[PDB]
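The structure appears below as C-alpha cells.
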Amino acid sequence: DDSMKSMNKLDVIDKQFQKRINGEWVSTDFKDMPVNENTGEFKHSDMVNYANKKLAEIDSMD
Amino acid sequence: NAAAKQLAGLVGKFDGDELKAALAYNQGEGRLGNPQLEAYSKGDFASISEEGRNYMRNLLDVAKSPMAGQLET
C-alpha cells in the first residue's frame, strides 16, 4: 500500500513542482493536491523522499 | 493617537512589513481575518479577498515588506 501511495503522490508532487519551476506562485509548502483518491494523504515524508529520489534520479540521467 | 499606536503595534507585532499590518487592521486581527494574516505569510495569494488584496495593494507605497515587491506580481 505504501509503495503505491508513495509512487502516486510522488509523481503528483513532481508535476506540481515542475509547475513551480516553469511557472510561478504554486505553494509547494506542504499542502498539495491530494484529491487523486489514490494518493490520499500527504505525509511530510514524501517531499524529503521526493527531493532525495529526484536528486539521485538526476544523478542517474544520461 | 490610539489608532496610530494600534498600527504601530501591528507593525511591531509581526515584522518590519507594514503591508501585513495594514491588512491586519482592515480585515481584523483574529476574526475571519486571522486566517488571512497567516495566509499572507505564504505569498500574496488568493486566500485573501475582495477588499483585502485590493486595499493591501493600495498601500504599495512606503513600505517595505517582501510581499510589497511580491504583491505585484
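Simple scheme: letters A, B, ... for chains in C-alpha cells order, numbers from 1 for residues in each chain, numbers from 1 for ligands in the order shown.
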
Could you give me, as CSV, every chain A residue with an atom at most 10 Å from chain B, plus its closest atom pair and distance in Å to one decimal, counting only C-alpha atoms, rows ordered by chain then number?
```
residue,atom,partner,partner_atom,distance
A:24,CA,B:73,CA,9.8
A:25,CA,B:43,CA,7.7
A:26,CA,B:45,CA,9.6
A:27,CA,B:42,CA,7.5
A:29,CA,B:42,CA,8.7
```

Export N, CA and C atoms of the chosen residues as an mmCIF file, in the first residue's frame?
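Ended up saving to result.cif:
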```
data_model
loop_
_atom_site.group_PDB
_atom_site.id
_atom_site.type_symbol
_atom_site.label_atom_id
_atom_site.label_comp_id
_atom_site.auth_asym_id
_atom_site.auth_seq_id
_atom_site.Cartn_x
_atom_site.Cartn_y
_atom_site.Cartn_z
ATOM 1 N N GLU A 24 5.025 30.065 -11.765
ATOM 2 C CA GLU A 24 5.221 30.799 -10.521
ATOM 3 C C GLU A 24 4.054 30.529 -9.582
ATOM 4 N N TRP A 25 4.291 30.830 -8.308
ATOM 5 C CA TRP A 25 3.233 31.045 -7.325
ATOM 6 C C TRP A 25 2.396 29.782 -7.153
ATOM 7 N N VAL A 26 3.071 28.688 -6.790
ATOM 8 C CA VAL A 26 2.437 27.376 -6.781
ATOM 9 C C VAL A 26 2.288 26.814 -5.371
ATOM 10 N N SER A 27 2.985 27.379 -4.384
ATOM 11 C CA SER A 27 2.796 26.992 -2.992
ATOM 12 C C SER A 27 3.064 25.506 -2.786
ATOM 13 N N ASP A 29 4.498 24.171 -0.333
ATOM 14 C CA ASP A 29 4.994 24.088 1.041
ATOM 15 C C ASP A 29 4.771 22.707 1.638
#
```

Which residues, written as a list in words, have at least one atom at most 12 Å from residue A:6, with only C-alpha atoms counted and residues fewer than 3 positions away on the same chain left out? residues 1, 2, 3, 9, 10, 11, 12, 13, 14, 34, 38, 39, 40, 41, 42, 43, 44, 45, 46, 47, 48, 49, 50 and 53 of chain A

At a cut-off of 10 Å, using only C-alpha atoms, what residues contact residue B:57? Leave out same-chain residues fewer than 3 positions from it and give the result as a list in words. residues 19, 23, 44, 51, 52, 53, 54, 60, 61, 68, 71 and 72 of chain B

Could you work out how far atom CA of residue B:50 lies from atom CA of residue B:12, giving the answer in Å with one decimal?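 That distance, rounded to one decimal, is 25.8 Å.
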
How would you write, as a PDB file with C-alpha atoms, in the first residue's frame, the set of residues in chain A that DSSP gives as alpha helix (DSSP H)?
```
ATOM      1  CA  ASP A   2       2.801   2.430   0.885  1.00  0.00           C
ATOM      2  CA  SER A   3       4.626   1.702  -2.349  1.00  0.00           C
ATOM      3  CA  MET A   4       1.596   2.577  -4.474  1.00  0.00           C
ATOM      4  CA  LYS A   5       0.697   5.603  -2.353  1.00  0.00           C
ATOM      5  CA  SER A   6       4.279   6.880  -2.498  1.00  0.00           C
ATOM      6  CA  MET A   7       4.623   6.416  -6.259  1.00  0.00           C
ATOM      7  CA  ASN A   8       1.339   8.170  -6.991  1.00  0.00           C
ATOM      8  CA  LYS A   9       1.819  11.085  -4.600  1.00  0.00           C
ATOM      9  CA  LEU A  10       5.426  11.300  -5.742  1.00  0.00           C
ATOM     10  CA  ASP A  11       4.521  11.857  -9.372  1.00  0.00           C
ATOM     11  CA  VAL A  12       1.823  14.313  -8.284  1.00  0.00           C
ATOM     12  CA  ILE A  13       4.404  16.234  -6.235  1.00  0.00           C
ATOM     13  CA  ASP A  14       6.869  16.209  -9.119  1.00  0.00           C
ATOM     14  CA  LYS A  15       4.335  17.532 -11.617  1.00  0.00           C
ATOM     15  CA  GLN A  16       3.085  20.275  -9.305  1.00  0.00           C
ATOM     16  CA  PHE A  17       6.763  21.076  -8.683  1.00  0.00           C
ATOM     17  CA  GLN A  18       7.668  21.317 -12.361  1.00  0.00           C
ATOM     18  CA  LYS A  19       4.817  23.802 -12.440  1.00  0.00           C
ATOM     19  CA  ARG A  20       6.658  25.932  -9.877  1.00  0.00           C
ATOM     20  CA  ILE A  21       9.946  25.597 -11.754  1.00  0.00           C
ATOM     21  CA  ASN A  22       8.469  26.718 -15.058  1.00  0.00           C
ATOM     22  CA  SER A  45       7.795  12.176   4.372  1.00  0.00           C
ATOM     23  CA  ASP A  46       7.182  12.470   0.641  1.00  0.00           C
ATOM     24  CA  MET A  47       8.774  15.848  -0.042  1.00  0.00           C
ATOM     25  CA  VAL A  48      12.011  14.794   1.642  1.00  0.00           C
ATOM     26  CA  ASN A  49      11.751  11.465  -0.152  1.00  0.00           C
ATOM     27  CA  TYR A  50      10.835  13.364  -3.316  1.00  0.00           C
ATOM     28  CA  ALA A  51      13.901  15.595  -3.162  1.00  0.00           C
ATOM     29  CA  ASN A  52      16.212  12.689  -2.381  1.00  0.00           C
ATOM     30  CA  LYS A  53      14.873  10.346  -5.056  1.00  0.00           C
ATOM     31  CA  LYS A  54      14.722  13.091  -7.683  1.00  0.00           C
ATOM     32  CA  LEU A  55      18.261  14.244  -6.953  1.00  0.00           C
ATOM     33  CA  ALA A  56      19.568  10.697  -7.328  1.00  0.00           C
ATOM     34  CA  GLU A  57      17.400  10.355 -10.449  1.00  0.00           C
ATOM     35  CA  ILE A  58      19.108  13.409 -11.933  1.00  0.00           C
ATOM     36  CA  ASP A  59      22.436  11.858 -10.999  1.00  0.00           C
ATOM     37  CA  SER A  60      21.457   8.762 -12.970  1.00  0.00           C
TER      38      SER A  60
END
```

Coordinates-based distance that separates atom CA of residue A:32 from atom CA of residue B:56 (Å, one decimal):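 Atom-to-atom, atom CA of residue B:56 and atom CA of residue A:32 are spaced 26.3 Å apart.
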
Polymer residues at most 12 Å from residue B:9, only C-alpha atoms, same-chain spacing of 3 or more positions, as a ChimeraX atom specification: /B:2-6,12-18,20-22,24-25,29

Calculate how many Å separate atom CA of residue B:65 from atom CA of residue B:10, rounding to one decimal.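 According to the coordinates, atom CA of residue B:65 and atom CA of residue B:10 are separated by 13.2 Å.
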